[PDB]
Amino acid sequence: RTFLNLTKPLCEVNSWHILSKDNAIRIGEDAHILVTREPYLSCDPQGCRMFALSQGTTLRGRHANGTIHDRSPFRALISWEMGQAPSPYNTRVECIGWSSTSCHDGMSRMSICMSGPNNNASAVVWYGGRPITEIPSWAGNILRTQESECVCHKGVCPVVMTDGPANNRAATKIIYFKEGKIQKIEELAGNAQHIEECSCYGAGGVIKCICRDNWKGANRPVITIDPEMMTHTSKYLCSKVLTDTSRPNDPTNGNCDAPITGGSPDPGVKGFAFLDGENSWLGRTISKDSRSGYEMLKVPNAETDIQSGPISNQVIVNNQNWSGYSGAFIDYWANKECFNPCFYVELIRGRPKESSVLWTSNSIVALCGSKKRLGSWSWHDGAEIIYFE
């Protein structure tokens, strides 16, 4: 039992295989399943777990009414065994709040939750199930973080947090933790103009965080982190293949160093990418307007080449079904010589796209890379909204 070192390179990926699917909304039509959103997965030496923000109600409960609302005192980060649906009976409360991240350093799990009023939020940083550190809001406007896993190297786990406007310049910082205790704080530097909801992974001693610019860019920011020196750089994905939502049509040429703007009507969604030269994969919603569909695109040199475009594709969720947030995680403790990319998609059901119900929740699907050429089908949520009417 030792601190995780990000020594290994990323595995070659040619297609994506199914890892897990919880069918939460289908099950929760009758069983006692908690209302969630903002899910993710995170692993540790023993296996992987699902994580999400509970709304502190079940899906069939009367309190599901009004769960489109983002921030309340009734939310918490919960975790559970991968593949089960989240019930009041099988879920571990990691921390209390309405924005989270979590990662395992090889010894113990760090979980962070922000809570409080918009003008005076605070994070509590847990390690090994105990609270270690608290961090007050520095800009007085919804202190918040990744909504997917963080990554650790030799016990140091960088976390990206933002405080400030969601629709204008904000105050992002990279906080470097060890055993839950702040080792260093950096202000965001570089050419990314706005940072939300980073999706982060490690390979060859480098952590890359692929984020949501909610202010300008339909191209995604990328923060590159050295967890040994505890330093970073930022810019945008170079590729012309735009991967936020909403977004305009892909232009001739992307831009490494500035946002590519446009699209309607929404300013962003959490997303991810794996960036490894020829071995690069970008996720995005199929729709360039709405959180519908989900596709993986193999885009060689997406990180460096403004003319890069897709050479493969795999549909994860068909464009007749609702998607949601997406994020990266890796089973860093697999018995492999390489770290194999994995990702999840949040399958949002209910408001605001399905207004015949009073609630908003999600289910989860997760996939990992394969070097083989595997066939694909759509892993949509599967619930019938009529049954909830």
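Sequential numbering from 1, following the sequence displayed.
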Mean C-alpha B factor from the entry: is it higher for 255-263 or for 284-292? 255-263
Would 351-359 or 323-331 have the larger average of its C-alpha temperature factors, as given in the entry? 351-359
Options 154, 71, 247, 173 - largest CA temperature factor per the record: 154
Just grab whichever of 210, 121, 77, 311 has the top CA B-factor as deposited. 311
Considering every modelled residue of the chain and its Cα B-factor in the PDB entry, is residue 144 in the lowest, middle or highest third? lowest
Using the temperature factors of the C-alpha atoms in this entry, rank residue 278 within its chain: lowest, middle or highest third. highest
With respect to C-alpha B-factor, does residue 29 fall in the lowest, middle or highest third of the chain as deposited? middle
Can you work out whether the C-alpha temperature factor of residue 50 puts it in the lowest, middle or highest third of the chain? lowest
Going by the CA temperature factor in the PDB record, which third of the chain does residue 364 belong to: lowest, middle or highest? lowest
